[PDB]
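Structure first, commentary second.
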Amino acid sequence: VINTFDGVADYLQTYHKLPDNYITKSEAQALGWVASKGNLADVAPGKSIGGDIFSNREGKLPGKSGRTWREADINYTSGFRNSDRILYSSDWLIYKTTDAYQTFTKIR
């Protein structure tokens, strides 16, 4: 039940488990999440999408000898998403972006 940059990072750097309130895009999409609808508050009155899997081959985020990269929605309540998004790696390195996946400022 968390949706804030530092809070999600802190949770991951401390508990390593994805904040009890996230779901992979696939799950969200398969659960019924539809673009031409934004249904979420109904089936999930306070849940944020996030927890997918990416290799970062495109090198858009910190890398090394094999790096794992994953993202998560941030600043959500009941309705649709926004531009606030947090990125976390295998090594738990966290970066924040508020322009809808555009600028990745580091936070942890």
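By convention here, the chains of the structure tokens are called A, B, ... in the order presented, each chain's residues are numbered starting at 1, and ligands are numbered starting at 1 in the order presented.
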
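Of the residues in chain A, those that DSSP places in helix (DSSP H, G or I) on the basis of the backbone are residues 5, 6, 7, 8, 9, 10, 11, 12, 13, 14, 15, 25, 26, 27, 28, 29, 30 and 31 of chain A.
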
Kindly export the residues of the current selection with C-alpha atoms, as a PDB file, in the first residue's frame.
```pdb
ATOM      1  CA  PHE A   5       9.332   7.406  -5.033  1.00  0.00           C
ATOM      2  CA  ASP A   6      11.526   7.241  -1.872  1.00  0.00           C
ATOM      3  CA  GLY A   7       8.865   5.122  -0.098  1.00  0.00           C
ATOM      4  CA  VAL A   8       8.900   2.489  -2.895  1.00  0.00           C
ATOM      5  CA  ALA A   9      12.761   2.654  -3.046  1.00  0.00           C
ATOM      6  CA  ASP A  10      13.031   2.415   0.779  1.00  0.00           C
ATOM      7  CA  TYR A  11      10.608  -0.528   0.737  1.00  0.00           C
ATOM      8  CA  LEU A  12      12.651  -2.256  -1.987  1.00  0.00           C
ATOM      9  CA  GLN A  13      16.096  -1.400  -0.473  1.00  0.00           C
ATOM     10  CA  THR A  14      14.798  -2.665   2.937  1.00  0.00           C
ATOM     11  CA  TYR A  15      12.220  -5.437   2.250  1.00  0.00           C
ATOM     12  CA  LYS A  25       1.108  -4.639 -16.512  1.00  0.00           C
ATOM     13  CA  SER A  26       0.084  -8.090 -17.862  1.00  0.00           C
ATOM     14  CA  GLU A  27      -1.830  -8.892 -14.645  1.00  0.00           C
ATOM     15  CA  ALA A  28      -3.451  -5.417 -14.685  1.00  0.00           C
ATOM     16  CA  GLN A  29      -4.250  -5.763 -18.407  1.00  0.00           C
ATOM     17  CA  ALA A  30      -5.446  -9.410 -18.054  1.00  0.00           C
ATOM     18  CA  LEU A  31      -7.443  -8.484 -14.917  1.00  0.00           C
TER      19      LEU A  31
END
```

All strand (DSSP E or B) positions in range 45-108 of chain A, as JSON, numbers by chain: {"A": [48, 49, 50, 54, 69, 70, 71, 72, 73, 85, 86, 87, 88, 89, 94, 95, 96, 97, 105, 106]}

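Straight-line separation from CA of residue 20 in chain A to CA of residue 74 in chain A: 13.4 Å.
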
Closest of A:78, A:4, A:97, A:89 to residue 43 in chain A - atom-to-atom distances counting only C-alpha atoms: A:78

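Here CA of residue 19 in chain A stands at a distance of 23.8 Å from CA of residue 35 in chain A.
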
message: Report, in Å to a single decimal, how far apart CA of residue 86 in chain A and CA of residue 104 in chain A are.
response: 8.6 Å

- prompt: Excluding same-chain residues fewer than 6 positions from residue 82 in chain A, what lies within 9 Å of it counting only C-alpha atoms, as an MDAnalysis selection string?
  reply: chainID A and resid 73:76 98:100

Dump as a compact mmCIF listing (two decimals), in the first residue's frame, selection limited to C-alpha atoms:
```txt
# COMPACT_ATOMS: atom_id res chain seq x y z
CA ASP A 73 3.60 3.51 -11.03
CA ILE A 74 3.94 6.40 -8.51
CA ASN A 75 1.56 9.02 -7.00
CA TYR A 76 -1.72 7.21 -7.77
CA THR A 98 8.11 12.46 -13.70
CA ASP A 99 7.76 13.11 -17.43
CA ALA A 100 6.17 9.75 -18.36
```

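Of the residues under consideration (A:16, A:79, A:62, A:85), A:79 shows the shortest atom-to-atom contact distance to residue 37 in chain A when counting only C-alpha atoms.
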